[PDB]
């Protein structure tokens, strides 16, 4: 048995881990299946993609084409349907009809062996007809066979009868395929739309309190949901909602020692009041949590809970499961670190003494929150827990509940980030916040929208509680505006952490990416009504960005993205497409100075000719322009961060 088949079909992509893990898609998403296909000799080959659904049912006829001449690299676009585990195969075959046609077009006007050539064509078309299941189409090919064989007609007329568009049509859907050879099947995991597309908002329920009771409850926090739904968010991400330890608890601004009223850091999970399956008593009860989830659902919001597999020193696990921790020779457990950062309030888990116990307990915890309507988990720092552990835990949850989405908060080196996605994480955080220049954004989004998109789905948080970038610190509100536009239009999933609207940008100290007076360490009441009234919020821009996304399918996918050149370093331009929808975005990356630029569009990449000039509407303002090959733009920070334009007909 030979590794290569009769008609070579090699290096089918996408492929993840040499076929040991699936390529990814979501319902409705298109991507390209490709292969290297060729044969011996000089005759033509053809190829097609057979996509099989979870019950092994084949998809539609999907013929491939050569992507660039002489490369023998073939491709076709496939579209994922129903969720589940699919497979795809490339079928390669000799294409004797294409070959015969080419020779016949030369030899017949030249008078060379014409009867022999036409009889050869008749024989191919007879064979074509044999594999055609419909009676009417079979008659069309047999009438072509008869015409080809009618020696009473000129040679040119006999040939023309085999080249009619109706004969073409039949052969396009039912070609004659010699020596069909298929690749071994490759696996495709198709997941729900929210895995790829969604707008996220992170906030701390405890901060949304009242004058009488400053520590918010689930009931007070639910009153913030409508303002979040109105900005057009889909997912609400909550920091840990569990009891918080007292031993080594941190104070305000990450001081070592908490005073008596200090609330501590939610990620320092557990006290005698309960662990990862409990509610912080100040937030209320499980029934209050159910009320919160219900009110979320009614406004079109899903809840994403933080899952941080670690413990405060007061978590029950510390005494009940000591082997879940690494102990030094004096019996102490060293607190967690991501140096030079220290987390004195937190003990990390050791996994090598009782891997089974940890997996069992982890999936029980997740299912408990799942039973209370949580179908999305934002997994804290997963790169400090074993990769195979996440692989197991994710396979177990999605095995019974394939709708559950896991987001990996792994800000680390590329290999690890890539592997976590590859072993099951539906979504990943990214380097976005550290990509601010044109060159950085262009290079990074070319990476994420290319081959990486077969295994990673990016979630572009413009900020997090741990990341207030220098760009926002120095640029003020115009920088917040720019970064919202970029995040919302470049990834089908994006997010902000509360206060981003208010352009909160005071760092702990120069050169830091921590916030001063971080919410991680204190209640952070914000006067939302006042901020709305005084117009010192960019909620309206955020709202419009999410509406634009909801109205334009091109913004709800990742893979189709093209950068168009401008003549100013500070002005970036790009387009995204889905079917007839084309969105074209131009952003001034300078938050302090007005920039003017000539944007030169790659017209064929928009589906247009060079001379063509086609109308656009800037959805940020309602204003209409006519744009083609070369366009003047003028963007003033504070008044116009960018144009976000849709193409109309």
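Positions refer to the first chain, counted from 1.
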- Item | Greater mean Cα temperature factor according to the PDB record, 304 to 312 or 548 to 556 | 548 to 556
- Note on the structure: Entry B factor averaged over C-alpha atoms, 144 to 152 against 128 to 136: higher for 128 to 136
- Task: Can you pull the Cα B-factors for 569, 380, 447, 514 from the entry and say which is highest?
- Result: 569
- Please pick out which of 72, 91, 345, 510 has the largest Cα B-factor as recorded in the entry. 510
- Task: Comparing against every modelled residue in the chain, figure out the third that the C-alpha B-factor of residue 293 lands in (lowest, middle or highest).
- Result: middle
- Query: Compared with the other modelled residues in the chain, in which third is the CA B-factor of residue 14?
  - Reply: lowest
- Message: Which third, lowest, middle or highest, does the C-alpha temperature factor of residue 4 belong to within its own chain?
- Response: middle
- Item | Cα B factor band for residue 622 (lowest, middle or highest third within the chain) | highest
- residue 413: CA B-factor among chain residues, third -> lowest
